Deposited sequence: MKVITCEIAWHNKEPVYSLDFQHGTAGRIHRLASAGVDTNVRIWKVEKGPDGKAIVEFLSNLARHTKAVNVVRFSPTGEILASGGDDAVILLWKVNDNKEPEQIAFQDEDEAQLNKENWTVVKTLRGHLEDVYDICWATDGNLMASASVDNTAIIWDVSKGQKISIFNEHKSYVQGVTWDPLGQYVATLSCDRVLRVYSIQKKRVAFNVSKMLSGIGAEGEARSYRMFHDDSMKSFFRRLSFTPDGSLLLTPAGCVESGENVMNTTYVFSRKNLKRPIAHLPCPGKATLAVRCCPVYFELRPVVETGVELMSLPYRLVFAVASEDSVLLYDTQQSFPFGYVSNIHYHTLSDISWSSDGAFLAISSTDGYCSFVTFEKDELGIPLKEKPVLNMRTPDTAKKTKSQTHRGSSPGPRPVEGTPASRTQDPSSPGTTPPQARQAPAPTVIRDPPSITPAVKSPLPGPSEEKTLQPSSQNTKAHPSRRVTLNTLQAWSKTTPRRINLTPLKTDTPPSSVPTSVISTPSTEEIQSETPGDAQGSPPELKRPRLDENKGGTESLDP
């Protein structure tokens, strides 16, 4: 891969807290949407340059947040942006000075009492899941925009949410060193993954705002960062991987000695099963392989599914801690945010990670 640290003033050189990409457009020009302390959600055009360099072309400047913007999450269709600020306000920008396009806040959501940290969209795109400092992980409907559930069963801030693509689970992970999984219909904490057989996840003392975790788009792996394993001296910063067969106990984990892991974002496009070399542990045996990235505080670890060890590693690109990562719709990009003010882009060649499947397998919802 090619690492292109975009030495550009994203948000007044102020910290950038989350990134995302447009998954509804199949072109080679990708629409990113950053967010940071500048109380602005800047949307950019991202495309490969003449030499393959990932250059960023400004698209629009979005300004309706009174406080810092933490998490930005495009809808699965890509036509309904989200924006989780520090004012417990979730703007839903939908299209239609220096702006090349206009974005208008369609709807304002008022359900939280403190800063919103993580936002996730359901597979159908008609729902929502926001994790906020208020010790509540809310579930919102875009059509009506009201709090339908409040899982106020935590003890500290909730910093990471996700929606299971099959549509059955909603994994919320707090700063209480606990993992919670909520059914879509039951709306109960069925899986209180906190102990393994000592507590696994990091306490509230680690230097990272977010603990973002995401299900694999296939929907069978639950990848949760900020885990500690009592295998080294006293702690090993890892990233537990959970399987639907038994979510109480992870199938494995992906230790990241050095900086603790805080984000996981899987590449949405699947890949063909690479030929077996009889040298991998096969995290999950599936007809298709998929690539994700586990961004620690100051490093990125692009894993796979047929290979035990990561197939990549990107570190020291950003002086301060990383905040969020995002994969492009085609899978040729990996935009890594950072708290120092700039975002680096990891770019791949065409059909470089693998051979994407001609027909995307369906998921039993």
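Residues of the deposited sequence lacking C-alpha coordinates, counted from 1, fall in the stretches 97-112, 214-224, 393-559.
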